[PDB]
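Here the structure comes first, spelled out in structure tokens, and everything after it is commentary.
There are 2 protein chains.
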Amino acid sequence: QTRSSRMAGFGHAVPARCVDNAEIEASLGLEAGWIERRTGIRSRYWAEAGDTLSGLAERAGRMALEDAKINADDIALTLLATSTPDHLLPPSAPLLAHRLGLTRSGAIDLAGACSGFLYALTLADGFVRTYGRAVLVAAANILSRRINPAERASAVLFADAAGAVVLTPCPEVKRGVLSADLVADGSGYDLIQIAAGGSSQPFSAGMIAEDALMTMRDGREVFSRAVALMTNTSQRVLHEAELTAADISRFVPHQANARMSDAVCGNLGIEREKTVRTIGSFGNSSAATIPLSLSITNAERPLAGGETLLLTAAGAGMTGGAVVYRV
Amino acid sequence: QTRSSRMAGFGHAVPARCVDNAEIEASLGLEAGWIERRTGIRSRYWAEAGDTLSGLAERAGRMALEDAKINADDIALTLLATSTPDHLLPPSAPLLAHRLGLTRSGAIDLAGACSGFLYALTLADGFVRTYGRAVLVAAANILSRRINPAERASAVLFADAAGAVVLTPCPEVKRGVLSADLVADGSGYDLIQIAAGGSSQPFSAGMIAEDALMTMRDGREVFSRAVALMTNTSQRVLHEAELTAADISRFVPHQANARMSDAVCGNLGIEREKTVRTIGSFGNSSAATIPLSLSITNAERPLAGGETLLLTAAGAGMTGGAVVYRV
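For the protein sequence lines, the chains are A and B, in the order given. All residue numbers for the first sequence refer to the authors' numbering, where the first residue is 2 and numbers rise by one. All residue numbers for the second sequence refer to the authors' numbering, where the first residue is 2 and numbers rise by one.
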């Protein structure tokens, strides 16, 4: 009976601490204006002590359920894309579903770094279309607790946020997810990494916190690979949907830095004013970036029937993806 | 055009160190025969120094691709259910796809504790049916590196293994995944936990060693909750498929301990000889147990057309799931 999924509700959430560039530039000994000049970020939100990932995700997901006006019994599955779960075991998604009252919902976490939401969105859409039941698709990260002071990119980019979307079944064809392209390139596996705490080097007694913080070999190599991943996946879903960049109403790339968004937008020939930009006020929260941006743009101007979105992301791994969605 | 998915190829892999009960009983100071008496495990495999999660997953995945005789280009997606990735960042699945030559494959990790494979299988089936493209569904864990010798259940059950299934598109209806039920119950979130390393208590200098290892408040509460989760999800997918226990050819529960498998089997009215039992030789490797058991039972006696399998699992979180699959 079901032939597409509908993005029925949107939500986002950020912690209470707004962190201006000037605080961080002072910490790192950077000249005034450095961060906005190089990243396009002006401020970002950071967790305070006692804030949990699942609590942040809960506020974004509650906002999306409310937006969708959906009965809690209708949520069959909760997917949480996160790289920073409350605990390494269990996953945070069952706690998320429990706090939100989603008593008929399954729950699992997805770990796809910055690409996690587009994977979760593609997989949720397949579930909606196969079982004719609704899915809560959340993405949330507290990257502030992963910040490495020696890794300047992390200190200046990383932020904390959650976004969520309620996906409901729809009988109509030729709308919803028109195309999706999910790619991986593990030749870039070592470009962005946390050395310890996984199974290859469990965190042990004589280890420092910075062994458990992110490291990056060559930011420029990450930059060019990520632009290429997003460009190539975007080109493929456009061609698969038989559309051109001119048919896109809103372009929602992962918000890594402004120059990366500009590069992909330019490579695709998309008009710059079609790009949703939340990095100025919300920073880079990894997989939460796209659903937070979806919630922000829908609040500014509700998505209208017939509009076409292009979503695209790249991530450590390396991974990438793109989705064309028709309202 | 695609109406169902087919489990086209199976594979599994274990590390080289076979650890019999006697070694562990001496390590823990238990009387001889204690472990087999209480768990039904006789032996299990543990990683050696330098073994990686992705390398163990790679051997299971290559076996499954070989078994499926599939072109590498036909794999559109690699899903890796694991609680023990090589690193906290990035996910291990892109490395897995890379090492196996799956140059057209997306890749993401799923964190669903012991339920991780049934979630990944259900999500993969929806992907196969939506896009008409094949998926490698892997599950792998190195639990030995997470063992707390003081938590006796974990010391005597936990094992290291990988399993994998190649899911291919199939044009026929009334076969493949007939029904699936994914549930979560975050009221049991604190029952099985690792305290440190997540975002609620990140790894730091001078962290207690035990804080990075698995912990369990009430094994009996875990037991009865997990039995109920598996019983209730299995009853649901059976009724959704319009089947009874007598129609099941092979019953493949998560291999947690023999008494748990027997309790669920008995609850469902399933003939005990229909149960696939790998816990004796392979122990409890969390999400890997069901695909390892599929690989083992299909090797002993190839899955034949018309056979019906019932798969069920419960995990930390708590989560559960069940799948009815028609060959």
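All residues carry an ideal CB built from backbone N, CA and C; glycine is no exception.
>> Please state whether the Cβ-Cβ distance between A:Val167 and A:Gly267 is less than 8 Å.
In response: Contact flag unset, no.
> What's the gap between the Cα of B:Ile271 and the Cα of A:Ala77?
Replying inline: In a straight line, the C-alpha of B:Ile271 is about 27 Å away from that of A:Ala77.
> If you draw a straight line from the alpha carbon of A:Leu312 to that of A:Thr290, how long is it in whole angstroms?
Replying inline: The alpha-carbon atoms of A:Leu312 and A:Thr290 are separated by roughly 11 Å.
> Among all the DSSP beta bridges, which residues are the ones paired with A:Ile143?
Replying inline: Beta-bridge pairing links A:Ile143 to A:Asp161.
>> Using CA atoms only, rank isn't needed, just tell me which of A:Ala125, A:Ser287, A:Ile71 and A:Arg60 is closest to A:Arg100.
In response: Closest option to A:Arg100, judged by alpha-carbon separation, among A:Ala125, A:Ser287, A:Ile71 and A:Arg60: A:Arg60.
> Which of helix, strand or coil does DSSP assign to A:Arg260?
Replying inline: Residue state, collapsed to three classes: helix.
> My guess is that B:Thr85 and B:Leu54 are in contact by the Cβ rule of under 8 Å, so how many angstroms apart are they, rounded?
Replying inline: The Cβ separation is near 5 Å, so the contact holds.
> Which partner residues of B:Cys171 appear in the DSSP bridge assignment?
Replying inline: Answer by DSSP bridge pairing, in chain order: B:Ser5.
> Whole-angstrom Cβ separation of B:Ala114 and B:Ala264, contact assumed at under 8 Å?
Replying inline: That belief does not hold up - the Cβ atoms of B:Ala114 and B:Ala264 are roughly 19 Å apart, past 8 Å.
>> Taking a contact to mean a Cβ-Cβ separation below 8 Å, would you say A:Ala98 touches B:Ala229 in this structure?
In response: Not a contact, by the Cβ cut-off of 8 Å.
> Which of helix, strand or coil does DSSP assign to A:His13?
Replying inline: The DSSP-derived three-state label of A:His13 is strand.
>> Taking the straight line between their C-alpha atoms, what separation do you get for residue 331 of chain B and A:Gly322?
In response: With chain B represented from 2 up to 328, any question about residue 331 of chain B goes unanswered, as that position is not in the structure.
> How about B:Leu29 and B:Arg147: are their beta carbons less than 8 Å apart?
Replying inline: No, Cβ-Cβ distance for B:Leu29 and B:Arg147 is not below 8 Å.
> Quick one: what's A:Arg237 bridged to in DSSP?
Replying inline: BP columns for A:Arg237 are empty, so no partner.
> With which residues is residue 1 of chain B paired in a DSSP beta bridge?
Replying inline: Absent from the model: residue 1 of chain B. The displayed extent of chain B is 2 to 328, so no value can be given.
> So, is the C-beta of B:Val184 closer than 8 Å to a C-beta in chain A?
Replying inline: Residue contact with chain A for B:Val184: present (Cβ-Cβ distance below 8 Å to some residue of chain A).
> Can you name the residues of chain A whose CB is closer than 7 Å to the CB of B:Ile291?
Replying inline: Neighbours of B:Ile291 in chain A, taken as residues whose beta carbon is under 7 Å from its own, are absent, since the nearest beta carbon is some 15 Å off.
> Just reading off the alpha helix (DSSP H) that A:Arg100 is part of, what are its end residues?
Replying inline: Counting along the chain, the alpha helix (DSSP H) containing A:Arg100 begins and ends at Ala94 to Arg100.
> Is the shortest distance between the beta-carbon of A:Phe128 and the beta-carbons of chain B less than 8 Å?
Replying inline: Among the CB atoms of chain B, one or more fall inside 8 Å of the CB of A:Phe128.
> Leaving out the 5 sequence neighbours to the left and right, which residues in its chain are closer than 7 Å to A:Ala121 when beta-carbon positions are compared?
Replying inline: Non-local beta-carbon contacts of A:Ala121 in its own chain, meaning distances under 7 Å to residues more than five positions away in sequence, involve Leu80, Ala82, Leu111, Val138 and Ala140 in chain order.
> Using 8 Å as the threshold, is the stretch 249-264 of chain A in touch with the stretch 276-287 of chain A, meaning 3 or more CB pairs across them?
Replying inline: They touch, by the three-pair rule.
>> Quick check on the burial criterion: 16 or more other C-beta atoms within 10 angstroms. Buried or exposed for B:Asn72?
In response: Exposed is the call here.
> Of the residues that make up the stretch 59-85 of chain B, which ones have a beta carbon closer than 8 Å to any beta carbon in chain A?
Replying inline: Cβ proximity to chain A below 8 Å picks out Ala77, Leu78, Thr79, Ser84 and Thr85 from the stretch 59-85 of chain B.
> Comparing alpha-carbon positions, which option in B:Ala163, B:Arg18 and B:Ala196 lies nearest B:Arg218?
Replying inline: Minimum Cα distance to B:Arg218 is reached at B:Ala196.
> How close, in whole Å, do the beta carbons of B:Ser145 and B:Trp47 come, if the pair is a contact with beta carbons under 8 Å?
Replying inline: In this structure B:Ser145 is in contact with B:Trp47, their Cβ atoms being roughly 4 Å apart against a cut-off of 8 Å.
>> Once the 5 residues before and after B:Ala305 are set aside, which same chain residues still bring their CB inside 7 Å of it?
In response: Here B:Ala305 has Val328 as same chain residues with Cβ atoms under 7 Å from its own Cβ, once five neighbours each way along the sequence are excluded.
> Got a sec: which bits of the stretch 208-241 of chain B sit with their beta carbon under 8 Å from any beta carbon on chain A, in order along the chain?
Replying inline: Against chain A - using a Cβ distance shorter than 8 Å - the residues of the stretch 208-241 of chain B are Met208, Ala210, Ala213 and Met215.
> Among A:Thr234, A:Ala151, A:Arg237 and A:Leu310, which residue has its Cα nearest to the Cα of A:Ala210?
Replying inline: Distance check between A:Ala210 and each of A:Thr234, A:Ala151, A:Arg237 and A:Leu310 places A:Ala151 closest, using alpha-carbon atoms only.
>> Determine, for A:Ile195, whether the minimum Cβ-Cβ distance to residues of chain B falls below 8 Å.
In response: Yes - at least one Cβ of chain B is within 8 Å of the one on A:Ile195.
> B:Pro203 by DSSP, collapsed to three states: which one?
Replying inline: DSSP, read as helix, strand or coil, puts B:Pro203 in coil.
>> For the beta strand (DSSP E) containing A:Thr79, name the first residue and the last one.
In response: Here the beta strand (DSSP E) through A:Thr79 covers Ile76 to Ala82.
> Given A:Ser296, which residues of its chain have a CB within under 6 Å of its CB, disregarding the five upstream and five downstream residues?
Replying inline: Cβ neighbours of A:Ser296 beyond the five flanking positions: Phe11, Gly12, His13 and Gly164.
> Is the shortest distance between the beta-carbon of B:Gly267 and the beta-carbons of chain A less than 8 Å?
Replying inline: Not one chain A Cβ lies under 8 Å of B:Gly267.
> Which residues bound the alpha helix (DSSP H) around A:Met64?
Replying inline: Going by DSSP, A:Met64 is part of the alpha helix (DSSP H) stretching over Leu54 to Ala69.
> My guess is that A:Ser5 and A:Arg176 are in contact by the Cβ rule of under 8 Å, so how many angstroms apart are they, rounded?
Replying inline: Between A:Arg176 and A:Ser5 the Cβ distance is about 5 Å, and since that is below 8 Å, they are a contact.
>> Please confirm whether B:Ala112 has its beta-carbon closer than 8 Å to some beta-carbon of chain A.
In response: Closer than 8 Å to some Cβ of chain A, the Cβ of B:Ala112 qualifies, so yes.
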